Each structure stands twice: as structure tokens, then as C-alpha cells.
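Participant: this one's a deposited entry, sequence included:
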Amino acid sequence: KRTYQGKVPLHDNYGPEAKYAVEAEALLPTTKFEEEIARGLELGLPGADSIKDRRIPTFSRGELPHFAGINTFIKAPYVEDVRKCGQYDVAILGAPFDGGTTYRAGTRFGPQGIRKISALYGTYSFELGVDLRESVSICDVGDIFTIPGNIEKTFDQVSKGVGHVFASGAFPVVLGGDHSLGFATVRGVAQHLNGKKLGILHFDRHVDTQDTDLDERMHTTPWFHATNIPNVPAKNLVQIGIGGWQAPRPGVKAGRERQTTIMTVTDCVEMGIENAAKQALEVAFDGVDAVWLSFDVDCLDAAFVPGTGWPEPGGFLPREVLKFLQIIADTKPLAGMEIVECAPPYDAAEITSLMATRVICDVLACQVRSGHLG
Amino acid sequence: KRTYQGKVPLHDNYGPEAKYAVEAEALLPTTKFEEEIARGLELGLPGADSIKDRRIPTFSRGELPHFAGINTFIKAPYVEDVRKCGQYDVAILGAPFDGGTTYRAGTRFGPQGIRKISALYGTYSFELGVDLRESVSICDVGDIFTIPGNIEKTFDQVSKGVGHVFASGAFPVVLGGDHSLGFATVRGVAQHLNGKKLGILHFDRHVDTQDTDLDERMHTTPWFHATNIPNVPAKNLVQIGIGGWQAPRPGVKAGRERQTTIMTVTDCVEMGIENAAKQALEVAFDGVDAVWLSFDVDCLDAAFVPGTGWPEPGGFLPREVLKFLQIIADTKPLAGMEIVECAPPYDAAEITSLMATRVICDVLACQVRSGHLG
Amino acid sequence: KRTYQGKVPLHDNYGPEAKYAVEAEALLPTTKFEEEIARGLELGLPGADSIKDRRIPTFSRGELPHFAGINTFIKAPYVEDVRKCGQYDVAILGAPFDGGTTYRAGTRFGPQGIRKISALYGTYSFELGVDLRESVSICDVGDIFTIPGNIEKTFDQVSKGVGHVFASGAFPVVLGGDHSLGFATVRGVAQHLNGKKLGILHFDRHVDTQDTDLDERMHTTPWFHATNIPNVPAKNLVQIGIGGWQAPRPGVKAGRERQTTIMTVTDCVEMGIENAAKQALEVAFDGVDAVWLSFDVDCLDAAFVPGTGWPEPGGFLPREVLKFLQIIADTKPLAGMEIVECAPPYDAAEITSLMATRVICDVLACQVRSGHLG
Amino acid sequence: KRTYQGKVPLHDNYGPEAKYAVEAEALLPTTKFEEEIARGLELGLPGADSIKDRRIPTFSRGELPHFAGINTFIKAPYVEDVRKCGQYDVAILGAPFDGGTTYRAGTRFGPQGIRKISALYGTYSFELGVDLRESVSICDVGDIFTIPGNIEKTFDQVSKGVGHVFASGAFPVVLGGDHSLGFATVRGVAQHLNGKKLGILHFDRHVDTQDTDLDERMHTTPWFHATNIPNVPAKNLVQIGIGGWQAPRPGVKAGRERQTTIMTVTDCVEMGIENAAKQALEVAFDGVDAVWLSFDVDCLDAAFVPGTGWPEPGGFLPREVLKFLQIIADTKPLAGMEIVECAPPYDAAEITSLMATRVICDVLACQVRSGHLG
Amino acid sequence: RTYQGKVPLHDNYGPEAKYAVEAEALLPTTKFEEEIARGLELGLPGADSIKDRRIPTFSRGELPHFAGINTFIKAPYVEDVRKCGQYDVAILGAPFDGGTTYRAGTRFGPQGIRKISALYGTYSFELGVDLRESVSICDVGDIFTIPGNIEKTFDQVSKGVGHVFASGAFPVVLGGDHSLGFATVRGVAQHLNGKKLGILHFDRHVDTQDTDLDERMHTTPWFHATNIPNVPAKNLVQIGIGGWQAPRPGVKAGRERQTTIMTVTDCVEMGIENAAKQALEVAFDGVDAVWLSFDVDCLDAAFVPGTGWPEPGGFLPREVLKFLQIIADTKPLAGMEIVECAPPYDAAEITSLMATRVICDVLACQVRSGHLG
Ligand SMILES: [Mn+2]
Ligand SMILES: [Mn+2]
Ligand SMILES: [Mn+2]
Ligand code: NI
Ligand code: NI
Ligand code: NI
Ligand code: NI
Ligand code: NI
């Protein structure tokens, strides 16, 4: 795994992860930092004469200040002409929709809330030893034009937009929006695999595998419909964290018949997260190369993700699920990801949007350092 | 314990709890589900012609939609004539009172907040393998007419109402309301045990065993006065989670003199929750058959139960206390239960009321699956 | 002055303002609407086949949906190269700073909160009869790189940035940020008036005219230092709304010595808003052509602007101050404006940022319809 | 009437209130300010060498900074020895109790919330022309030891403490706490009037004149029992603002039988606030020696006082009730006052506690400038 | 800390509970009785209908918890700061957020901590300590901070903290942003007579870069503190570093200066008892005086939502409280600061509650282990 390598001499009082991290930082380049500084001084003017740090412009035009600037995800460039998204390693897009919600709405603002709090972050992860600014190009293409009155029209919009981004070669990060969108995203991706199969790593307390809910393909039905697609095999759908009082019986039945794999929170913690991640990877990637990551923020215990429509006690703790994701994203390439169910109206201190931002950034960083992205 | 039995063939990549759960669901009946659907169409009219799912009425009458309907606890039937409560296996009642609180008030709304968020839940628990709708009859008899200006009059009201419900043969679930009510609930139950003894399983960070507080029998005093009752032995009062800066010295002294049993959070986690539950059960049931469960939401770490009047860091984590409760409620029958100190005005995303709802449902489900109820 | 003209025949049951408004709408062009629709489809792809309204792209690119898209002020174009701001009639810029606040901080997020809620608005005002999309070009140049640890360095940044925008010819709209910044904005503008004089229309409960506060030139001091500038005469500083318990005595004294004009809330409502506006305009523009509008959201009664660091009861009601602003902005050209003290952390449902947005838009609309802008 | 006097020359562009205010400030002394500065430097040490303002200590001791310091009401000295309260013109005391509430609790924190936000204020009112620091001595004696579980014991405590303060000669300002306490405060005052009679100016949407409520003397009953006291005549109870859906019929009946006077909000606004105040004063002071001011924050429209247990639409607007109170407190001496029903748990922006603080300071300032206090 | 057999107890108690129940039975009540007597004198005896004759008319001590003027745990306010040396412990606030690089609001940290601190009694069950009986605590209020000038604020904070530390009282500084750590350590170091000062720093952020937005903000305190001659960077132990907000220039400067860093995962995997041993060994190596700098952000965001720079993956409460207890039991501390609590982002006050708990547990362990009082 990731340990101190002896390339940069360091004293022995460091913890093991810290020692890896401090050395790793010393070996990272600064080229893209220098470019952003130079661009900011050109576009935002040199700072006033009383500013001692001559890297500081008059107008904010990069990372700093964190509390300033137009809110794109982690202050990535806004790509207005979406046909250019293939020029970037990673494309963030939003799917602001909550017509698939069976309890609270509000996740239509998921994309806005995630973008907003993502400004708090720098470009660099200490323990992962990655500086995204130096190692990958990220853009934000904004939001799908969703259709609140009609979930089927919304699916069509999301499949087309996500399919466009996936076909361009950029790694799509979809900010939801409720979990019904997982059907539309997977449907768009599967349309561009040339018949190859797509597995799914699904983090959620909810099984999301029933046919209809309140007479529509709501957030409780995405994987029933997705695994009806010929090149999306249900045997490669791995459902991580199922439990509680909101996994509906019709969804459990359909998943049994289709032979999805389920691992409860207790299953994963009792076996060890490292073992749980190995088992999930082996199933999801069995006989398939492309795997989609679908992360519902509700798989965390409610106290860590209060801003969601279907909160549940007894979920994962952050260090558990972040380790799980890091192992996944270090070990295998991913076709893309979506993070769904963040509902800012129920998230007063933005800690749910914060968690979602963290999940995205850890996944991207691990994809990068393990050679799967960039 | 609860493991896969081989009655329903299943592949080998399920986690152990998930494998048990998927099999268990396949063996559950659907009779009560079908009855509710049929009744809903009768009471709420057939749905409009454009509705494809003909199980859907015009007016919501039953579980769905979760965001709709009159808010009884888990949408159980309201039993206006409280003399009929004996017709049900379980009777939910509220005790909306906060005149016993020594810091923040607000738990007068505990019953309303618990009932409100209870709608989010289905009738079925995945990992416990139980569908309450199929296995037990539950009613909601509303609230005790509490007396905010007079804690003693409130006690008399609560003892009379709880005593009535307990004497009817229904399993009482009391929604608090502050912990002073634990005296009144136990006093009413003990009146109907034909002289038999009553033990108490008390989950809380606070001992609640002093004589008076601010000159009255407030939430720090219930078990001092409960264990003065001749058939309520203090040696069978087991206090789980005691710790922090709010266990008052006079309560500690009185509990010592009466020989109550205390296990701190750290005690329980270090020994192992399974071992802690075994020890608690042995002490509480030693020479008594009837045991009352008194659950203070404050026994959870503050972050999981922000909506309480006396929050404390360093409490249980949800998976710890839920396992504790599951073992208790699987191993022994309970005389009844109360869940106290939920204060919605300090609970923005309703995660405290959500925790309380989950505690009730897990306890009921374990009582049912283990043959103690329904 | 704005009444039905008889150019568009209308029935007689309309109210007078409605009759003006309905006729005015019928006379507005749609050219820029059509251009934005066409551009959106080009940049955002045609909508999916199931979408009937073929004006809808796959990706949101323009006004719709209001809940979608990157949050620039009223979804104006982000102008990354601030050297291009002179190409627009109006340039929005933020000054995210709260080192000048003497009670609550949080107005560093004022620009972000105003931009966010501004998406709720369309481009057209019913009762003012103005469609900004058709009549004026607006851009958003982002934020000044403020210096939270040093108010003087922040002033220097703000004066340089605002001076640049004002010098370019664009009408600057400065989103604050606390009222200390009033000094730095006026200082920047006055540097570019060719020695001509600058009056100030100041809406606030607070006089903001003392020398220092907590040893620095904080939000209680901006007009003391602004009127020390040779071409900023204190006799043309009109202070509208002063009152309550937070107008410090040293500020009252200095304003008296310098002969600023003050009208309290009660003065204005007692005389009539129309008369109050006449008096304020008469004084501010006496012997000067250029006047700066400095609007503190705290001049509204606290209930309308809870998200501010220095709230006060007894302020203006919205219809009173909006009428005041409309008369000002119809009657005379303005050199620019700033809206300060919006503090989103204290603004739960964003009604303070909503008020700020409304003030900007009414002022711009009145400048446009009266031939002072665009 | 308070008008410009021509004692301090001023230009003619000032509004009438502003002209009176600017002159009035120029005539106020600074003696007590200078004493506070000197005391602060002694007790808080001189500030660091880099501080230019040599009035600034190292430790905050006095008014500034407003965001700093121990929260007494408007940072008045805490008088720990309550036997010394007679040494002050005005004594603030809290009654933290909400056992008399018939809907929401939370007003037990009224005193704390009012004290907290009161730090925002200076010592001087612009439009009233009063500097409390220079003209009256104010102390804060903390809180009555209330008895949450027993409203009658709470009444006895409140009567004893308020009686003590009133008998000492200090003007009592009682921070509530629910309106049940109005009985206990008036009972304590009446005990020390030596047979002289007491009128009551009662601001509220609720009559608060029934016998019992939920079997106790709750906030709907204070004036039924107060006017049973021989020297508290019901004909001198003037009830200002009654209306809505929470004025109970038994209270209306009892007030009718006892011939209290009621003026609704619409009555007062339609007749004119100046005329309403004259009528209320006439009735309250008719044939009595002293009048008690009982102000329920609920008499304001809910939007201005969201933090209360019994909010109602259609109440007073701030400028209406502040004028009403100013006329009362300028025209007649008052025996004391209570401000009740502020409930901080429902007051997220603190604007309710702000309104309460403003009411107190306006009443005090008018008592002082009109020769009734100090 | 185990049951000692001094007070006979039955065998069904958990081990910590058994220690606790015995320990309470051995605590005195002298200072309790003095507080009761003082309250009746100063607040009057209660009304005749009150049966408990310890209850005054006016609240004047611990009770009721929801009542009274909010000093830290209702300790006496010491208006004359020249008298702070009469107390074992002196609480002071530093209400400043001009060092914050994202959210402000921590200027109210001191007010929010004082407010929620009223909920506590004077006694800890599992630590077996009654602070009212064993240590004298005062609250001297707040430093007069300077919101528009971070450097002037540092000078005020160094002068006030230095005064309190020089008086002999144990200073507890309520922040305020972590920029203030430079100023507090600077003030303490002036008064060590050349003696060296180590630092135990609980945080997700290294806080070791030179400037940030052109000033010495909350990301820079330890760069400038370890430039002080008697503040060795080798004795700066940084516990909890991780996430996406540990800036690269801070990591570089700490590497060059040879600070020690142990991530949350490092501590949890090695065991908190082992992590505390290692941290104490490094911090106290060749130094007697060690300062405790606790950023509330070292806890997972969900436990400390009221902060300007929250981060997932932090410590859980029982982990960090054990860590702190071992530190504060094993070694004396020169003082402590608790920083970054931002009440405007703390709706149910759970962040200020955590901060209060950290302070009380540290003080209680210092007392019971003979380092204070
Ligand atoms: Mn889910
Ligand atoms: Mn009322
Ligand atoms: Mn930190
Ligand atoms: Ni889901
Ligand atoms: Ni309890
Ligand atoms: Ni202002
Ligand atoms: Ni009332
Ligand atoms: Ni820090």
C-alpha cells in the first residue's frame, strides 16, 4: 500500500500515514500552481501596491480566497460549450431533480450545495498525497435542464447529457438529485459501451430495485429498470450498506430473483472494510471491465448526512466508507460516478454537502494516484 | 443467532446478515398488505383513470405516500375510544410534558416529532427479517392530558393512563416527555402486577436517582421514587451509559445506597456489547419476570440526538445501542417501554425523533420475531 | 409619471399600476430573449426527443431552470478577464469582507448569498415595465480578493477594483461586505471624476461617520474618511433612516460638524416618501452631478432583513424604501451603487439576500426606463 | 413635544426628529463615559503598545467591543448582593419560567436571549436624545430561582424577589418568562403599596383573564387572579391589542364581568396611536397611584416576534407599538415593567429578543428624559 | 483508575462505574455548603413554600442550570484582572475571527461555550472529580480584540494571556480562530524565563505556513510561534492532520522544521493509548512546559458542525476524550486553548458542548493527577 519510501529523509516520530504524506508532498510538482497564479494576475489585475505577496491579484481568479468567487465545483473552469468537455480528464455535471423522492424533496439543490461548500477545499489531499491541480484537468459543465413535472422526460435529459459526457472521454461526476437518476445515468453510459457489460457499485441503505413507486420509476426503482438493459447484468450489481426500515419488500424480492449481491453495514464492518471492498470489487468486476459507482449519501449514519430525504440510523461512519471508496478507487478504474440524495434544505451546516464533496475528491485522487485517471 | 437456513436457495456472495435477510423476506406473508390495499381503495376511492397501478386510491389511506396522511405513529390506526386499546397487541401513547426538565424544555413535543418522522418508515425491517404489518396489531391512542403547571398532577394523569393501557394487555410504548415521567409510568405498571416485582433497564447518561431537584420530583429523581414502591426492587434497576458531567452527586449516592447496577458507556464498549447485554439482562431479570425498558435518547452521543434537553458527548454510537437493544428484546419479554427526552425544537433535521422511532421499531420487531409479542 | 397611455387598448377594471404594466409589457421587444434561446441550444445541445418545447436544451444554458446553473448575479455572464468589463453597461462585483464589523461577522458571504437567491428572479419587472435582458447588458466580474486580516489592505484592493470598473464606463454594482467598504468604493470612484465632486445617498440606521472604532476604520467610520477626500463634500452626504440605539455619539458629532443631512425613518414616513425623496435628491445633487448610492440592508426593519450584523427595530418597510429608491433612480443618474451588510449565516430563508437583489434590480430598472443607463 | 430648540445652530435640511436629535446629542455630557474608560484601563490593563486609541484596555471592560464580554442586560453591572439593588435607579431581573405555557415552552430562556442580544446596543438613542450611561444607574441582579415543576412555588419566588426589588426603590424590569408571571409580579408589587391602588397597561393579543387552564393558573389566567387582589382594580386593567384566535371565551367573559377595557390592534390603528395612548393612559391611571406595564412580545405581528409560544398574525407593527410605548413612558411615571413570552428556541435570528430589548430601552429612555426616572 | 476497596460495593458494576461510585462517596462537600450559604445570603432565602431550604429567592450558584449570568461553568467573574492569580484556573476569551480563511463566526466562540457550559454540574462521574471542591476557577471575560487588524489583535492576546500565565493561574483560552495560537504561545513564552515550550496541537490542519491572503492567518500560527527562540518545532506534535485543507506550503515548512504529525488513521490504528504515549514522549522530550492547542475541527464534522473549516474523517468523541484524559493525567500542562468554535453554524450548541467537555475533562484530569489545585 502507500507507505514512506525513503526518497525524502524524515525523522521516525511520524505516524505511518503522516510519513507517507509528508514525503509525497515534497515530490509533487508546482507547475500548474504557477500557471494559475500567472493567469490570475493577468485576468484579475496585479494586486494593490500595499499587498506584499505579489501572487495576489486585485480580483479573485483562482483557488483563493476560499470564501470568494463564482461557485463551480472546487472552482474548476465553467465550460459553457458542452461539446468541449472531452478536452478535460474529468467533467462535473449536475442533475437538479427531486421528482423521484418518496418522502422529502430538496435534493434538486444538491448540485448547488455541493458546489458551494466545495470552495472550502484546497486542491491537495494530505493523506492521499495527491494534488488534483497538478495531475488532472477538471471542468464543470453545469446542470442538466431537468423537468420537475415529468420524471420520464427528466430521465431522457439526463441520459442524453451524461451519455454525451461519457462518450467524450471525460470521467463524469454526476451531482444529484435523487437516486431515480441512477437509472438514467447508467442507461446513458450503457448506450456508449459498444455492447460491453457494465457493473455497478451501489452504496445505499435502500435496495432501489422495485418496479414502480407511487405509479412511477421513482428513486426506489432505478436498478430494476437499469438491470433490464441487456448489457447491465444484475449479477454485477453490488449493494453495499442495505438495511433499516426503508428497504421495501418488493425491491428485496426483485433483487433476490435477479441475484444481486447485498452486504449490510454490519456485514461490512464485521468482516473488515478491506475484506468487504475486496469482495465487492470481485463481484462487480466479474466478467466486466466497466463499473459505475453510485453513491447515495444516506448510506452514512443520519447524523453525518442530516441533509437527505430518507435518513436512517445505523449506517456507515465516515472513516469506514471513505476507506471503502479509497480501496475501490485505487484498485480498479471506474467508468464514472454519481453522488445522490444530498438535500441542502435539511442540511443547515452543510455537512452533508461536505461529505459528498469529500467522497468525490477522494475517489478522483485515488483514481489519479493509481493510474486510472489523468 | 439469526443466520441463513437454506430454506430459500441463495448464492454465496451475500454478507451473512444480508443472506439471512433475503431469505427471511421470501418467507414472509403478504395477507395484511393485501388487506390494507383493499381497504384503502374502499375508503379512499379508486384512483383516477390515468393511474396505471390500480392499488392506488384517490385519497391516501394507508402507508403511501410516506409524506402524506394524518400522522399517527407509523400511521397506525387512531383509537379514539381508549377503552378499546386492549384489542391491539401494542398501544402507542404520548406523555407531552417538560415540567420536569432542569435545562432546556421542548420535549413536550417529543410525541408529535416522533409521530411525524415515523411516516418515513415502511413496515418491514431488512436485517431483522420482520414485517410488523403482518405480525402484530399496533394502535395509537394519542396523548395523556398533561398538566404543565403541576408535575404531581401530571404524574397522576400518566400513571392512570399507562396503568389503563398496561392492564388492558396491550404492550405500552410511551412517547415522552421528560424522564421524570418514568416514575409515573412505572408506578402505574407496578399497580397491575398483582404484587409481582418489576425490574428496570435504564439507558441514560444520567442516574436520575436523587430525591428532589429545584424542590420537585424532576427528571433527575424518577428512580429514587420508583424504587420506593414496594414491588420495584432497586437491585433490579440496571443503569446503562451513565457518564459525563450531568450525573448529580446526590443521585449517585442514593443509587449506591440502594445497590443499583451501573455500567458506563466505556464499560459496555470495552467488554463487548453482547457481553454487556448479557450482564444487564442477568441483573434486571434476577428474581423478577416483568422488566420495563426506559430509554433516554441522551444516551446517544450528542451529535446523533441534538434534539434533547441534556446532551452529552461520549455516549453510545447508534450501532452499539441498537445491537444492545436487539439482544435485550430478542432474549426476554418486556412489560413495556418508554422513550423520553426527545425535544424537537432543538432537532432541526429530525434525526433525534428518527433515532427514537428506530429504537421503538427495532425493539418491537425483536419482541415479535422472538415470540414475546404478537 | 408612469400611467396607462392608451397605446395598447385595455379594459377599465385594471388598477392604475397594473394598467400601466400590462400595456408596457405589450410594447417590449423579444430580440434578446430569442438570442439567448438560440445560444442555449447551441451550447447546451438540443433537448431530448421527448421534450415538446424545442427551446429547451439538454444542458441548462440561460435563465431556465431557475434552480439550476452556476450562480452568477441574475445569471449574467461571468467575465473572467476583468479588462473587458467596459464592454457591458453594468458590472456586478463582490467585496466579500467582514473585518469591519463591530458585532456579527458573516457579511463576507453577502455576495454569494445575493448571487444565489438572485436566480429566483426573471429578467422582467411587472410594475416597472422593464425587461433588463432586452434593455441593458450586465456582467458579473466575480469578487475582489479581500484581505480578512487587514482592513487597510482590503480597502486598497477594493478601491483599485471598483476604480477599474467605474473607469471602464460600466455602472458598478458592489455586493458587500460590511459598510467599511463604503470608504474604499467612494475613494476609488472619486479618483476617476476629473476633480468633479461626488455626492452620497446613504440608506442606513447607522450614521457611519466616526473616526475610528476598535482602533480601526471599521463600518462605523466610512463617511468620516470618505468626506475627507477633497472632491467628496460632506454637505452632499444625505443620510436616510438614521435612528435607534446604534448610531454612536462620536459619529453624530462629526456628522454635525461636517453638516451632513439626516432624515430619520419617522421623518420620511411622516413627510411622505415622495417628499422625502425630493428633499434627499435636492441635497445630494446640489452643485454636483455624480452621486453614489450606498444602501445598508439594515435600514429595513429587522424582521425583513434578519441576516445582518446590526439589526434594529423601527426601520423602513419594503414598500416605503422601494418607492424611495424608485423615485431616486427614475429622477437622476447614479454613478454606481453598493448594497452592504447582508449576512447569510443569520438569514435562514434568504429573505435578506432577496431584499438586496430586489433593491439592485429596481434601481437598475428605473435607471434604464428613465434613460440614465443602457 | 421634542423639537429643535435653537440652542445648537443647525442647517435646515435636517428632518424634524433628526434636527432635535443632532442638537440633543451636542448637549449631552460625557462624564460617565470618561469614568467607564478610566475604570476599564485600571481593571482591564492598558492596551498593547500597537493600539493607538489609548482608551482601549487589554481586557474588555465596559461597552466595547459589543461582541465581547459577560452578558448582563446592556452590560450593566451584575449586583451579586441583591440587598444592594436599592443603590440603582433601575434593576433588571429575570424570571426564567415556562411552566405556564399552553402551547410552546422555551420562554425560560427569554432572559438569557434578551441579555445576549442586548450587547449589540450602545448606551444612546439617536431619536430619543438620551444617553442612559449619563442619566440613570442600571444594574442586573440576575434571575429568580424558578421552580419548573410547580407554578405556585414559582409565583411565590417571583413575588418575593420582585417585591424586594420594588420595595428597594429601584425601578424593576422583569424579563420573562411566560405571562403567568404577571400575576406574581403584580402581587409582589401590590404587597408593598401600603393600600394604594395599581393600574395595569397590558400589551397582548390574549386577554389572560380566565380562572384556570389545564387545572392551573397558567399564562391565560394572570389578570383574573391579579384583579382579585383588593388594591388591583380590574377597571384599571387596560388590554391593548386583543384579537385573533387565541383569546379564550372564559377569559373574555370574566373580563366583561370585571369591566376591563379592551382596544384591539385595529381599534388603535384606526383611531391613531397618539389618541389610543391618551385613552389607555386615561383609563389605567383613573383614580390610582401607580401603573404597571406588562408587555407580551406576542402583541407584535408574528413576523417581528417569531420566537414566542403563542404567535398571531395581524398584530402591531414595530413603529406603531414603539410610538405607543414612548407616549406612555413620556407622559406618566411607571411603577415597573415586565417583558414576557420571548422564546429564544423559536427565534433563530434573535429578532424577538431584539424587539424586547428595544422596548425596554425606549421605555427607560422616555422615563428618564421626562423626569420620571433618574 | 480502579475501584480501591475503600467503599464496599457489589460485584455487578462495570469497572469504570465501580471506580466512579466509590470515588463519589469519598469526595468532600465543604465547598458545596459554602456556595449554598453564600447564595442564601446574597440572593435571599427562598419563599416559605419552598421545602428545600438550600434554595434562595434569586439564583446565585450552580442552580438552576437554565438561569443566571453566563460565566464559564458559572465561575465568578473577576472584574479586576490583576486579581486573577488568586485562582488556580482563569478562563479568558479571545473573540476574534479575522484570521479565518473560509467562514467567520468564531468571534462568538467564547460566548457560545460560556452559554452551554451552564448545563454542566461541577462533578464528573467517570473521572471521579468535583471541581467545586478541588480547584478555584474564575472567568476574567474577554480580550479586547481588534477585528480590522490581526497584528494588533495578536498584541492584545499576547499581553492578556501573558498576564494571566505570569500570575500563576492556569489559563484556559476560549477562541476565536487558530491564528490566536501564535499570540497565546508568544505571550506564554515571554514568561518562561528562557525555558522551552512544547505544543500538543489537535487539528486536521497543519497551520504551519508563513502567510495566507497576505497575513498571519489561522493557517500560519505555528510557523511564527516556532520562530520564537524557546519554542522548538521538534516539540510541536500535530495530532489529527488530514483531509483536503492541510495546505502544501504548511506541510513543507513543517517538514523543514521537523514537527511530528500523526493522522487520525495513524492514531486509531495504533490505539489511542499508544498514540498518547508517543505524543507525550515527543512533546515533552527535553522540555517541561507544554501548551495544549485544541481545534474543535479535529473531530468529525458531524460532532462539530459549528466551525469554519469542518472536515469528514476526524476523531470520534470517545477517541479524542481518551487521548486528552491520558495527556492531562500523565503530565502537567502550562495552559490550553480551545479554538474555532463558531456558534453561528452550531444550531443545537453541540460544538460549544464538545468544547466545554474538552476543557472540563482536561481540568479534572489535571486535578486528580496532582498537576492543578
Ligand atoms: Mn437510500
Ligand atoms: Mn399573549
Ligand atoms: Mn483546524
Ligand atoms: Ni438510494
Ligand atoms: Ni434520564
Ligand atoms: Ni452602514
Ligand atoms: Ni400574554
Ligand atoms: Ni487549527
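Facilitator: Received the coordinates, thanks. Numbering: from 1, shown residues only, chains lettered A, B, ... in the order given. Ligands and ions are numbered 1, 2, ... in the order given.

Participant: strands of the stretch 201-350 of chain A, residue ranges please.
Facilitator: Under the criterion DSSP state E, counting those that start in this stretch, the stretch 201-350 of chain A contains strands at A:237-240, A:261-263, A:290-296, A:336-340.

Participant: turn those into a markdown table, including distance to residue C:358 and mean neighbour count.
Facilitator: Bear in mind the C-beta positions are built from the backbone N, C-alpha and C, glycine included. Listed next are these as a markdown table, based on distance: least, C-beta to C-beta, whole Å; neighbours: other C-beta atoms under 10 Å in any protein chain shown:
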| stretch | distance to residue C:358 | mean neighbour count |
| --- | --- | --- |
| strand A:237-240 | 47 | 28 |
| strand A:261-263 | 52 | 26 |
| strand A:290-296 | 38 | 25 |
| strand A:336-340 | 34 | 26 |
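
Participant: for burial, what's the neighbour tally of residue A:258?
Facilitator: Residue A:258: 16 surrounding residues under other C-beta atoms under 10 Å in any protein chain shown.

Participant: that one contacts residue A:227, doesn't it?
Facilitator: Yes. Using C-beta atoms under 8 Å, residue A:258 is in contact with residue A:227, at 5.9 Å.

Participant: overlap of the contact sets of the two?
Facilitator: Contact criterion C-beta atoms under 8 Å, 6 or more residues apart in numbering or on different chains; residues shared by residue A:258 and residue A:227: A:209, A:234, A:237.

Participant: which of those sits closest to ligand 5?
Facilitator: Using C-beta to the ion, residue A:209 comes nearest to ligand 5 of the shared contacts of residue A:258 and residue A:227, at 41.1 Å.

Participant: ok, now which ones touch the closest one?
Facilitator: Contacts of residue A:209 were listed using C-beta under 8 Å, 6+ apart, and they are A:221, A:223, A:224, A:227, A:239, A:251, A:252, A:254, A:255, A:258, A:260.

Participant: what does residue A:65 give?
Facilitator: So residue A:65 contacts C:96, C:143, C:145, C:146, C:148, E:101, E:213 (C-beta under 8 Å, 6+ apart).

Participant: secondary structure for those residues - can I get that in CSV?
Facilitator: Formatted as CSV, the contacts of residue A:65 follow (DSSP: H, G, I helix; E, B strand; the rest coil):
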residue, secondary structure
C:96, coil
C:143, strand
C:145, coil
C:146, coil
C:148, coil
E:101, coil
E:213, coil
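
Participant: scan the residues you listed and report the most crowded one.
Facilitator: Neighbour counts for the contacts of residue A:65, by other C-beta under 10 Å, peak at residue C:148, which reaches 33 neighbours.

Participant: setting aside sequence neighbours, what's the nearest residue to residue A:363?
Facilitator: Nearest in space to residue A:363, with sequence neighbours left out and distances taken as C-beta to C-beta, 6 or more residues apart in numbering or on different chains, is residue A:329 at 4.5 Å.

Participant: between the contacts of residue A:209, which is nearest ligand 5?
Facilitator: Using C-beta to the ion, residue A:252 comes nearest to ligand 5 of the contacts of residue A:209, at 37.0 Å.

Participant: surely that closest one touches residue B:126?
Facilitator: Yes. The pair residue A:252 / residue B:126 is scored as a contact, 6.7 Å apart, by C-beta under 8 Å.
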